[PDB]
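These notes are about the structure you will find just below.
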Amino acid sequence: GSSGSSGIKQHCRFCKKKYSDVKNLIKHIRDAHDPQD
Ligand SMILES: [Zn+2]
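For the sequence shown, the authors' numbering gives the first residue as 1, with consecutive numbering after it.
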């Protein structure tokens, strides 16, 4: 099943969104904010 509590919580530091995986957060950061520039 696609639903459940068995996962992590991570957050954005530039638009304050929330994500269920750190790799999905990093994919959001490198697309929307890219702080390495
Ligand atoms: Zn963001």
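We treat Cβ as the ideally placed atom computed from N, Cα and C, and that holds for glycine.
Closest by C-alpha distance to residue i, when choosing among the options
i   : options            : result
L25 : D37, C12 and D34   : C12
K16 : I29, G7, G1 and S6 : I29
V22 : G7, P35 and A32    : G7
Residue i: first and last residue of the uninterrupted alpha helix (DSSP H) it sits in
i   : result
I26 : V22 to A32
Rounded distance between the beta-carbons of residue j and residue i, thought under 8 Å
i   : j   : result
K18 : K27 : Wrong, their Cβ atoms sit about 14 Å apart, outside the cutoff.
heavy atom of ligand 3 below 7 Å from residue i C-beta
i   : result
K17 : This structure simply doesn't include ligand 3; it includes ligand 1 instead.
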